[PDB]
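First up is the structure itself, then whatever we jot down about it.
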Amino acid sequence: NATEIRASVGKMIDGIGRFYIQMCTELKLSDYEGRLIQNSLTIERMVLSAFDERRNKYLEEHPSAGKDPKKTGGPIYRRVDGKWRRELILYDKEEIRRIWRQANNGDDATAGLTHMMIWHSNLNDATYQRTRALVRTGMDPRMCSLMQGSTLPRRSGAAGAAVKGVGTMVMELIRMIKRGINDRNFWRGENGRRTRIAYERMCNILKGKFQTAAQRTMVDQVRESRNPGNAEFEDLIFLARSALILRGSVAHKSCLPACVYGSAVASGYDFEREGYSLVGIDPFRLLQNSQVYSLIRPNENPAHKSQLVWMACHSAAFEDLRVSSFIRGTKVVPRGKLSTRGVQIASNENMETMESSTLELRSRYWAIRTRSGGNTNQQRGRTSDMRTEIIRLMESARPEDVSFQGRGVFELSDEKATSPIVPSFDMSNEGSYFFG
Amino acid sequence: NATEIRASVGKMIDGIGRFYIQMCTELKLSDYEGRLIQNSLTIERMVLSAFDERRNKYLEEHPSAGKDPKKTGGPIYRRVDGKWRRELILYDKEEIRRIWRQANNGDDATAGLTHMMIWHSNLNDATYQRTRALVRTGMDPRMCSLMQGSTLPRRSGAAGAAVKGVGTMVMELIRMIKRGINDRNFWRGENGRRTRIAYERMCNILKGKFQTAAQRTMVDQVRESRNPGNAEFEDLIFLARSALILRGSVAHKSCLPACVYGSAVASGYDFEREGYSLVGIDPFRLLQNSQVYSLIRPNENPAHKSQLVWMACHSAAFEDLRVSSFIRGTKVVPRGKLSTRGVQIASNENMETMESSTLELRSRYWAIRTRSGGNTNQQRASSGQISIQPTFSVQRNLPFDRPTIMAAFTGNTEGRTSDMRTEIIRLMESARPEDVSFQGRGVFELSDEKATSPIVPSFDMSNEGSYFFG
Amino acid sequence: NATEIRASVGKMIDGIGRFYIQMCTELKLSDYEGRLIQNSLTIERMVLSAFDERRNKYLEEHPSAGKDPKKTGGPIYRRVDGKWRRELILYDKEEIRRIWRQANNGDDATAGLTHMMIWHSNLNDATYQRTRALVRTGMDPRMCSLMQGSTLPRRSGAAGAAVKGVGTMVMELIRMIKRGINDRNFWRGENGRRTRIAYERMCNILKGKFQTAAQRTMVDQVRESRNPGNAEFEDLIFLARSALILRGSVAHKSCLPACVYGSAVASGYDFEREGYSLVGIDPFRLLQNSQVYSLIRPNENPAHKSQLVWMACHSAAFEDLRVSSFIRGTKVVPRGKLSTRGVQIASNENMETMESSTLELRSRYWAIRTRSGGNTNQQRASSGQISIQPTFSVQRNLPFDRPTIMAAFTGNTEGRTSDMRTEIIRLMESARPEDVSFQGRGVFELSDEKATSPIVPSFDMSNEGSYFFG
Amino acid sequence: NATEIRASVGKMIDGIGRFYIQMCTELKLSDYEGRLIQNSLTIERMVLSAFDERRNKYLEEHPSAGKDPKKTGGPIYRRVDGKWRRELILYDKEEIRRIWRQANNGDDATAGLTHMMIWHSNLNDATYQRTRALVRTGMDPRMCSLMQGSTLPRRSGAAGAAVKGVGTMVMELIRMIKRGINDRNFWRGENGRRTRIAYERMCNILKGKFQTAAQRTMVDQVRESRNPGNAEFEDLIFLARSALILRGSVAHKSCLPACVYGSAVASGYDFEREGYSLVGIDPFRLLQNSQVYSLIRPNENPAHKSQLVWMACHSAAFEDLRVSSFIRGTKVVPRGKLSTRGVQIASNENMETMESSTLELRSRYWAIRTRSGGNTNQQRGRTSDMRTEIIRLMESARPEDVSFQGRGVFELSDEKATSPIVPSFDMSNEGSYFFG
RNA sequence: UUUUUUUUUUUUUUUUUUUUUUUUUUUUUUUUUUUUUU
RNA sequence: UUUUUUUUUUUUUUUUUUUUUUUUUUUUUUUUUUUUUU
């Protein structure tokens, strides 16, 4: 049944929106200031810093960074008669812990935490990707496309584990392998047993993510090495460059700004009654009547900022630019010529130059975002023997194979997925590559 | 942590200063004679000749050069009632070996050796640069700027290897390549294996010195030649003329005269307690209250000699003249019109003409000297995606950059020639003589100790000449 | 070094004695009631029930036995004006967990746990041995002498594993073998892997316990059976009846009553300073000035109770009665005619009949208790040469023992049956009830502290009976 | 030329005999007491403890074992009117160092040191062999025959290295391998370089010791492992059990008691003039007119003691018993039923029971002792491939192949090796095995 | 015609043993009592 | 119909670099001097 899942997610987002309502009540912010992305961003890093129970335990025994008992950051942006000012207001974790507890009807609301942390991962992937660490592990910078969910820490659950990319898992496992190579860390002690356990958990997440049998079997055989040394490093690099084309079935969770939920809940649109979905039309139509204000530099233009915000909201920064333009109805500029900077504001930037303006989120069309792979795969002793079939499959692969047969782009006016329209692009080589 | 490094360097320089104190005690020199650069210079060549264990072993089996059992040179300069006299006093190595051993609390003090030999390399680079060898290998004399640390022999460690210039490594590797071309020296014997090993050690020092990925990769591919012949010669010449603009991150170690440390230690300024640094304010403030005497020819002027000594001390002979003038506060004369000669005195020069006088080392300002590079690389490579991920479920093609996909699992033979040149040339064309470097850093005042607030310099004085040679 | 081990054991027993002091403070018991064995016994079953983390986890998911959340038993015995009364006072585990944590200076003190559980095993072996289980597995009741450390569960560490007898391991392994025979439990799952692991751990404990090479090799070959069926059952029974004479080197850990440590610690005798030992004179001299009170039935006599308590303290219930009498200086009555019962009191016994009195622990002599074996193996195997080397250059054959040369590179299948039996049987026939053991060691006097001069005992008192059971 | 070697060894043994003469002069011992093996044995451990410059340096920095500045042991045995008494007389090293220096005409006489330490190794091999260490390394006790020169430390030179057995080298190399396995000792430091150097020196000694090409090649390939781990352990165990039959050409150096040389030198028999040899008739004829007294327990018999002393002198404890009996002319009892104990006397044994008597060293015949192997060998990727030829050679080997063709046992009266007599034994299976 | 190198604690009570070693959890048991009974 | 584990120091000045690192020796050179000469 799907009604129970819809009711659960509706209750969750209703609690999130009511928490947004109460923070707006408590912060004494104006109507416009309640529609600012920066305030929600800072509040949600406060959120993660309050439920990072592992880091809370680590920092209680580590009183450093000066004035850091329970309070971090808090750069609240406020309006005086047109101008803007930031105040470093410090909030302790514990009261916000109870305000959450009262916001979800006595529950912890860890799932909502997973969705907010994933949405932060989505915005991070949209804005900046780290070839720095990618080459710190020595892997080439030609796989920036598999850094989805890279900023997500381990503390997230299965729902968080679903959206992390294959390359993110590759980076996380190589970190553990290099740590176990630097020092003899795999002893029979509890630490070795626990890192072992985390290793097979991440590995069966990996093998669940893939679709073709060959890569699943080679991941199975990579496990057979009780002592991860150097050979497994190139083995899993080969796994990664095979997943470049033999991509894993990774989900795309559609989370939206902290405000969008709050504005919807404030207006009285109860999500429990009519039901809510995370993959269907829902996050599209909530943005059809949503107003969002944002802060922009004197050199930054808002036109690219709105498109980057739509990237962050729908996690389409790793998709083809042509398709995103089709759903937008307007051309989407690649990151090569974006005359904009990161959404977050640096701690040293002055305030006389900063200017607030609206963001456009309206899209002409809507589409389903399933956790499936291209139809091209369906059309098609050690690790090297399977690398042979990897190579022959790569040779069989073509840049022409059309995927996603039987599905299409839909119009906004339809609600039950009745009749789509088939898109068709013949616009030469505009560039289907967000980076470069 | 940085406290441990500061304590170590403080202990080292304290031992050096105490050795200077004991040499002053043993040589029966006066107070003024203990502030002479020449005495410290001769004593420190004695130092290197005593720890040159490789050369010690080579000369024990090679008893030549007449009276040379254990003693070399030793031209000690002394004052009689205003006049000067040199005595060729010969000191054997071994007693000075034990005096060092007692000076560093039972330790060998090889790091201090590295800093003194680097400081000799700094003074040599400041005074004279060898286009003679630069054209002996056939390389043009336009690259005299990359002869930093040229006089440094191989015996120095990693700290010594950090300050050697890119051109110094180029010269050292071309020497080995020419030796291996003259005779079939790369055999499977131990000599070939050891020269091979030294070769990759010098090469990963090189690739550590650079900053941009293209030159690191081409250095990696130069290694793939198991038999260094003629092609690698022009390959590494191209590497050098690329490093002319794509300069390597080479450190600048701030060593000071043998006396300056001794005078500071004698006064009781313990460096272990308050800590010491080699890059920060430290060598600047020690020179703020340091007195130095030097020997000058009857034709030489002391005004340029003091500036050349400041060059040698702070290894700023390869820097822009305008900046050095700004920190000095006075104009720094380029080597074209320096009416002076080398600091060291020739063995045949007479003594009635020689005159001793003070040197000025005070500077109006101070600045940090990091081992970083300046704005150069621009629009060379931005990686870029190779694959795509389906976010929306739309019936569409999945664009794959196939020809690079094949270059990821296999590949042909791009080569080091007619391939990396395009990138090097493209980057050189993108480079401009206008690009300002070192953003976010500035020149500081002496009165500040914690790097609080700098002042931004600005020169509009036409074309005074930012070129020490020529 | 031995000083560190002595300091560690001294700290451990000091913590144990301080915990005894604090329990005496908290229980509001009198001076006499603090010298009762029963109170310490009940408190120490509370101790084991509080650190039985495996059983704690098993019982949290199994809430049975009525009122059993965290509290078990607790029959505290108290005096009213001469008479005695038991109260079933229930203590939860957790507060005693923290009181331990504060008693060992923030440490868990698991080693002390091992020694107390071993001492409970020692008293259990002294009082009652189970031929019930010995014949439940079908093994004959003739081997009651190898039930040392039988009550010890697996949770003990290596120190606990050292004192468990060979027969205890035989029983534990036969239990696992019968469980694996009843059901197909050796699957490739985690349970099979873990029971496998515990099996080789118990087996290398076994082979470490033995001394002669033949039994070690046959234990090695018993391992080669991946599927323990029926043949291994008689194989290891043969191993056990061979260890009857070819006894294993099993240690004898000298633990003493919960009170004895507490009284010693209360008086201020710090064991860390002067050092402590578990094998030497130490537990002997602490009992030389120790007062112990105990509970005795109206029919039980205290004379045999004191001797049984000395058995339990020094784990000498499996030794020769004559030797124990010699160290005692008084005759030790065997269990055949002991007009006494178990030390522990049944839950239904009335209190008007129960009477408290002192126990005698003074011994005339003292002896070392090493984990060595006695004279047994004789004319079993002397290796011998297999090859020869030509010393003189003489035209002669080179004798090579070829059939063993083929057995050194290859081999058939000798088997564990009809092969090692011959050696075992041969050695048993070579064994005699006359062979004197422990040459070079003797019984010592109390007044000596450094093991200077012993006295050689000599018994010619016919056949008084060197057999505690029967 | 061989005259120079003969002159050198004659000068060396003349110096040794003159040092024996001077020790007899200095110790104030009687004529009988100068013919006791125990006195020479103790004096020669004093000798080795005085030239053990490595141990001297190690003990100067390690002042332990109570009163041990420069003096060790010294249990001198003396006669009072028939009875015997031991005195623990302590001699410092340094004066004996100069007395040596004056005894060899200003030279160190390290070669003589090598021969005395080898002769101690010979007596140790004759008396007791250590299966204790042989099984400490885990090797089976079925190779006690290859423990020749086991007690010899590394300090000996090439002459000492020649007589050490193959099994001795196997034990020494396994010790280093186990030490390098326990800790990461093969670093680029000087210690690793020096242990490396000692390793190839011991290995080319090994490959020089062997005769057939297959084992030399497999020893060459064992070297190719830069990191000696576990596989090389069984590799070299296979090497050892192959050398069981494919024995190495190990020399047998004929050293004699400290006294025998002294008595010969005292009588005026200059060895420089007539020449001396270590392999030929020489040590045989010097024992033909040598008188030796020894100490015997009240239960020990002198008949087996004399034979064991002849074993120690001629290092024939690892040879066939039948051949040794033939040269003796009397039956040689194997160690199984020797009702005797070690030659050296324990420090706690009482003196009222001890009795001194003569030893018989006369032999009916004499034979050359070359460093060659049996004629049976002349009649005949990894380590396992060569193990295959090892197995086939072992199968080709027979316990019947007669060796040493063209050589025979000689009579005493002949001096120039003119005519031998061929021995022939048909005495069933008396037992050609000294142990077991 | 083939050769003196040194790296943190060992060995002569004796002849084949003896020696700085460790908290894992899987479906119902046990203190009426000492060798049976389920 | 698929899920909150914690182990010794990191990160919001910014968008693809920058950062606790080390004594090896092989057949004849060099301080009359500063860019030639052998």
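Each chain in the structure tokens gets a letter, A, B, ..., in the order shown, and its residues are numbered from 1; ligands are numbered from 1 in order too.
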
Query raised in the report: Counting only C-alpha atoms (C1' of nucleotides), what is within 7 Å of segment 21-34 of chain E, bar same-chain residues fewer than 6 positions away, as a list in words?
Result: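 Here the answer would be residues 54, 110, 157, 158, 346, 347 and 348 of chain C.
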
Requested in this report: Compute the set of chain A residues within 8 Å of chain B, using only C-alpha atoms, and express it as a VMD selection string.
Outcome: chain A and resid 141 to 145 244 to 245 247 252 315 to 316 318 to 320 323 367 to 370 373 to 374 398 to 409 422 to 423 432 to 436

Write a file of the selected residues as a short mmCIF file (atom, residue, chain, number, x, y, z; two decimals), in the first residue's frame, keeping N, CA and C atoms.
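Resulting contents of result_13.cif:
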```
data_model
loop_
_atom_site.label_atom_id
_atom_site.label_comp_id
_atom_site.auth_asym_id
_atom_site.auth_seq_id
_atom_site.Cartn_x
_atom_site.Cartn_y
_atom_site.Cartn_z
N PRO A 141 40.02 13.77 -11.98
CA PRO A 141 38.88 14.69 -11.87
C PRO A 141 37.84 14.57 -12.98
N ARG A 142 37.85 13.44 -13.70
CA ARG A 142 36.92 13.21 -14.83
C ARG A 142 35.65 12.48 -14.37
N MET A 143 35.43 12.37 -13.05
CA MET A 143 34.24 11.70 -12.55
C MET A 143 33.43 12.56 -11.58
N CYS A 144 33.53 13.89 -11.71
CA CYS A 144 32.77 14.80 -10.86
C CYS A 144 31.28 14.53 -10.88
N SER A 145 30.79 13.80 -11.89
CA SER A 145 29.36 13.51 -11.99
C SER A 145 28.89 12.52 -10.93
N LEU A 244 30.75 4.53 -14.40
CA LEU A 244 30.62 5.72 -15.24
C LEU A 244 29.56 5.51 -16.32
N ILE A 245 29.57 4.34 -16.95
CA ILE A 245 28.57 3.99 -17.95
C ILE A 245 27.53 3.03 -17.39
N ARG A 247 25.86 2.76 -14.77
CA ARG A 247 25.51 3.57 -13.61
C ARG A 247 24.62 2.79 -12.64
N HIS A 252 16.68 10.06 -6.29
CA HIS A 252 16.78 11.52 -6.30
C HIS A 252 15.65 12.06 -5.43
N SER A 315 17.77 18.78 -7.43
CA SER A 315 18.97 17.94 -7.56
C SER A 315 19.21 17.52 -9.01
N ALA A 316 19.12 18.51 -9.90
CA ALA A 316 19.28 18.28 -11.34
C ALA A 316 20.60 18.85 -11.85
N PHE A 318 23.41 17.33 -11.92
CA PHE A 318 24.16 16.28 -12.59
C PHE A 318 23.43 15.72 -13.80
N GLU A 319 22.33 16.34 -14.21
CA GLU A 319 21.54 15.88 -15.34
C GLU A 319 21.95 16.63 -16.61
N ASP A 320 21.38 16.22 -17.74
CA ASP A 320 21.60 16.88 -19.01
C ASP A 320 21.00 18.28 -18.96
N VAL A 323 17.55 18.72 -21.08
CA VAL A 323 16.31 18.28 -20.43
C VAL A 323 15.86 19.29 -19.38
N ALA A 367 7.96 16.05 -14.47
CA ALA A 367 8.33 14.68 -14.83
C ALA A 367 8.59 13.87 -13.56
N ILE A 368 8.40 12.56 -13.68
CA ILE A 368 8.67 11.62 -12.59
C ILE A 368 10.17 11.41 -12.52
N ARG A 369 10.69 11.22 -11.30
CA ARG A 369 12.12 11.00 -11.09
C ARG A 369 12.29 9.67 -10.35
N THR A 370 12.36 8.58 -11.11
CA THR A 370 12.51 7.25 -10.54
C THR A 370 13.98 6.94 -10.28
N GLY A 373 17.76 3.03 -14.02
CA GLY A 373 18.87 3.32 -14.90
C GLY A 373 18.42 3.41 -16.34
N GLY A 374 19.33 3.83 -17.21
CA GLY A 374 19.04 3.95 -18.63
C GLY A 374 18.66 2.62 -19.26
N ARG A 398 27.01 2.71 -26.73
CA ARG A 398 27.06 3.75 -27.74
C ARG A 398 26.50 5.06 -27.20
N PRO A 399 26.95 6.20 -27.71
CA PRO A 399 26.38 7.48 -27.27
C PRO A 399 25.07 7.80 -27.97
N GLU A 400 24.46 6.80 -28.60
CA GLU A 400 23.23 6.98 -29.36
C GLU A 400 22.04 6.28 -28.72
N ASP A 401 22.26 5.26 -27.89
CA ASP A 401 21.20 4.44 -27.32
C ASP A 401 20.23 5.31 -26.53
N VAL A 402 18.97 5.35 -26.99
CA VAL A 402 17.94 6.10 -26.28
C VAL A 402 17.44 5.27 -25.09
N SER A 403 17.17 5.96 -23.98
CA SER A 403 16.78 5.31 -22.74
C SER A 403 15.38 5.76 -22.34
N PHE A 404 14.88 5.17 -21.25
CA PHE A 404 13.59 5.53 -20.65
C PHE A 404 12.44 5.39 -21.64
N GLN A 405 12.36 4.24 -22.31
CA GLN A 405 11.26 3.98 -23.23
C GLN A 405 9.95 3.83 -22.46
N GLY A 406 8.87 4.35 -23.04
CA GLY A 406 7.55 4.24 -22.44
C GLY A 406 7.21 5.31 -21.43
N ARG A 407 8.10 6.27 -21.19
CA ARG A 407 7.87 7.36 -20.25
C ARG A 407 8.15 8.68 -20.95
N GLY A 408 7.48 9.75 -20.50
CA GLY A 408 7.62 11.04 -21.14
C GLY A 408 7.39 12.18 -20.17
N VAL A 409 7.58 13.40 -20.70
CA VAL A 409 7.40 14.63 -19.94
C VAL A 409 5.92 15.00 -19.97
N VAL A 422 6.24 13.84 -26.25
CA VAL A 422 7.60 13.34 -26.48
C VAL A 422 8.50 14.49 -26.91
N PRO A 423 9.53 14.81 -26.14
CA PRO A 423 10.47 15.86 -26.55
C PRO A 423 11.42 15.36 -27.63
N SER A 432 25.86 19.08 -23.31
CA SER A 432 25.20 18.35 -22.22
C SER A 432 26.16 18.03 -21.08
N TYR A 433 26.84 19.05 -20.55
CA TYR A 433 27.90 18.84 -19.55
C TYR A 433 27.94 20.09 -18.67
N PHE A 434 27.49 19.94 -17.42
CA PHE A 434 27.40 21.07 -16.52
C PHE A 434 28.76 21.62 -16.13
N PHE A 435 29.77 20.76 -15.99
CA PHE A 435 31.13 21.17 -15.68
C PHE A 435 31.99 21.06 -16.93
N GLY A 436 32.73 22.12 -17.22
CA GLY A 436 33.61 22.15 -18.38
C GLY A 436 32.91 22.60 -19.64
#
```

Query raised in the report: Near residue 178 of chain D, counting only C-alpha atoms (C1' of nucleotides), which residues have an atom at most 10 Å away, once you skip same-chain residues fewer than 3 positions from it, shown as a PyMOL selection string?
Result: chain D and resi 137+173-175+181-183+228-230+233

Generate a file of the selected residues that holds N, CA, C and O atoms, formatted as a PDB file, in the first residue's frame.
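In the end it all went to part13.pdb:
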```
ATOM      1  N   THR D 137      62.664 -23.524  16.617  1.00  0.00           N
ATOM      2  CA  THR D 137      62.328 -23.075  15.272  1.00  0.00           C
ATOM      3  C   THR D 137      61.296 -23.981  14.610  1.00  0.00           C
ATOM      4  O   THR D 137      60.837 -23.673  13.506  1.00  0.00           O
ATOM      5  N   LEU D 173      69.908 -18.475   9.770  1.00  0.00           N
ATOM      6  CA  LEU D 173      69.063 -17.676   8.893  1.00  0.00           C
ATOM      7  C   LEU D 173      67.613 -17.651   9.358  1.00  0.00           C
ATOM      8  O   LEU D 173      66.951 -16.618   9.224  1.00  0.00           O
ATOM      9  N   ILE D 174      67.094 -18.758   9.897  1.00  0.00           N
ATOM     10  CA  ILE D 174      65.721 -18.740  10.391  1.00  0.00           C
ATOM     11  C   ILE D 174      65.604 -17.822  11.601  1.00  0.00           C
ATOM     12  O   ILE D 174      64.568 -17.184  11.806  1.00  0.00           O
ATOM     13  N   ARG D 175      66.654 -17.741  12.423  1.00  0.00           N
ATOM     14  CA  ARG D 175      66.631 -16.787  13.529  1.00  0.00           C
ATOM     15  C   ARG D 175      66.445 -15.361  13.016  1.00  0.00           C
ATOM     16  O   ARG D 175      65.597 -14.611  13.515  1.00  0.00           O
ATOM     17  N   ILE D 181      60.394 -10.974  11.010  1.00  0.00           N
ATOM     18  CA  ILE D 181      58.944 -11.124  10.988  1.00  0.00           C
ATOM     19  C   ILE D 181      58.297 -10.546  12.239  1.00  0.00           C
ATOM     20  O   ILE D 181      57.219  -9.939  12.148  1.00  0.00           O
ATOM     21  N   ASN D 182      58.935 -10.699  13.402  1.00  0.00           N
ATOM     22  CA  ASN D 182      58.355 -10.192  14.644  1.00  0.00           C
ATOM     23  C   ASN D 182      58.208  -8.674  14.609  1.00  0.00           C
ATOM     24  O   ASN D 182      57.193  -8.130  15.060  1.00  0.00           O
ATOM     25  N   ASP D 183      59.206  -7.976  14.077  1.00  0.00           N
ATOM     26  CA  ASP D 183      59.187  -6.522  13.997  1.00  0.00           C
ATOM     27  C   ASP D 183      59.683  -6.091  12.619  1.00  0.00           C
ATOM     28  O   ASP D 183      60.448  -6.797  11.957  1.00  0.00           O
ATOM     29  N   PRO D 228      61.768 -11.318   3.462  1.00  0.00           N
ATOM     30  CA  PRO D 228      61.659 -12.710   3.932  1.00  0.00           C
ATOM     31  C   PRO D 228      60.482 -12.869   4.883  1.00  0.00           C
ATOM     32  O   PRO D 228      60.500 -12.368   6.010  1.00  0.00           O
ATOM     33  N   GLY D 229      59.454 -13.581   4.424  1.00  0.00           N
ATOM     34  CA  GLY D 229      58.278 -13.822   5.233  1.00  0.00           C
ATOM     35  C   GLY D 229      58.156 -15.264   5.674  1.00  0.00           C
ATOM     36  O   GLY D 229      59.100 -15.838   6.222  1.00  0.00           O
ATOM     37  N   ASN D 230      56.989 -15.863   5.437  1.00  0.00           N
ATOM     38  CA  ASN D 230      56.749 -17.237   5.856  1.00  0.00           C
ATOM     39  C   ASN D 230      57.087 -18.260   4.782  1.00  0.00           C
ATOM     40  O   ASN D 230      57.556 -19.351   5.118  1.00  0.00           O
ATOM     41  N   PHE D 233      60.476 -19.732   4.789  1.00  0.00           N
ATOM     42  CA  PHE D 233      60.740 -20.647   5.896  1.00  0.00           C
ATOM     43  C   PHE D 233      60.616 -22.103   5.449  1.00  0.00           C
ATOM     44  O   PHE D 233      61.558 -22.892   5.600  1.00  0.00           O
TER      45      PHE D 233
END
```

Considering only C-alpha atoms (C1' of nucleotides), tabulate each residue of chain A that lies at most 10 Å from chain F along with its nearest interatomic pair and the corresponding distance in Å to one decimal; arrange the rows by chain and ascending residue number and present them as CSV.
```
residue,atom,partner,partner_atom,distance
A:1,CA,F:1,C1',7.6
A:2,CA,F:1,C1',8.7
A:4,CA,F:1,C1',9.4
A:5,CA,F:1,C1',8.6
A:51,CA,F:4,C1',9.2
A:52,CA,F:4,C1',9.9
A:53,CA,F:6,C1',8.2
A:54,CA,F:6,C1',5.3
A:55,CA,F:6,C1',8.3
A:56,CA,F:6,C1',9.6
A:57,CA,F:6,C1',7.1
A:58,CA,F:6,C1',7.8
A:62,CA,F:9,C1',9.8
A:73,CA,F:12,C1',9.1
A:108,CA,F:4,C1',8.7
A:109,CA,F:4,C1',9.3
A:110,CA,F:4,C1',6.2
A:111,CA,F:4,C1',8.6
A:113,CA,F:4,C1',9.6
A:114,CA,F:4,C1',9.6
A:127,CA,F:15,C1',8.9
A:128,CA,F:15,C1',7.2
A:129,CA,F:16,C1',8.5
A:130,CA,F:16,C1',7.4
A:131,CA,F:16,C1',6.0
A:132,CA,F:16,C1',6.9
A:141,CA,F:16,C1',8.7
A:154,CA,F:5,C1',9.8
A:155,CA,F:4,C1',7.5
A:156,CA,F:4,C1',7.7
A:157,CA,F:3,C1',6.6
A:158,CA,F:3,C1',6.2
A:159,CA,F:3,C1',7.7
A:191,CA,F:7,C1',8.0
A:340,CA,F:15,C1',9.9
A:341,CA,F:15,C1',7.5
A:342,CA,F:15,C1',8.2
A:344,CA,F:12,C1',7.9
A:345,CA,F:12,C1',7.9
A:346,CA,F:12,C1',6.3
A:347,CA,F:13,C1',6.5
A:348,CA,F:13,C1',6.0
A:349,CA,F:13,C1',8.6
```

Report task. List every residue of segment 126-336 of chain A that DSSP, applied to the backbone of this structure, assigns to strand (DSSP E or B), and report them as a PyMOL selection string. Result -> chain A and resi 293-296

Store the residues of this selection in a file with N, CA and C atoms, as a CSV table (one decimal), in the first residue's frame.
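Final output, saved to again_11.csv:
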```
chain,number,residue,atom,x,y,z
A,293,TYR,N,12.5,34.8,-1.6
A,293,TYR,CA,13.5,36.0,-1.7
A,293,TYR,C,14.9,35.5,-1.3
A,294,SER,N,15.9,36.1,-1.9
A,294,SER,CA,17.2,35.7,-1.7
A,294,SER,C,18.2,36.9,-1.8
A,295,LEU,N,19.4,36.7,-1.3
A,295,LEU,CA,20.4,37.7,-1.2
A,295,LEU,C,21.4,37.5,-2.4
A,296,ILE,N,21.7,38.6,-3.1
A,296,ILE,CA,22.5,38.6,-4.3
A,296,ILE,C,23.6,39.7,-4.2
```

Report task. Compile the contact shell of residue 199 of chain D as a count of residues only: residues with an atom at most 9 Å away, counting only C-alpha atoms (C1' of nucleotides), same-chain residues fewer than 5 positions apart removed. Result -> 4
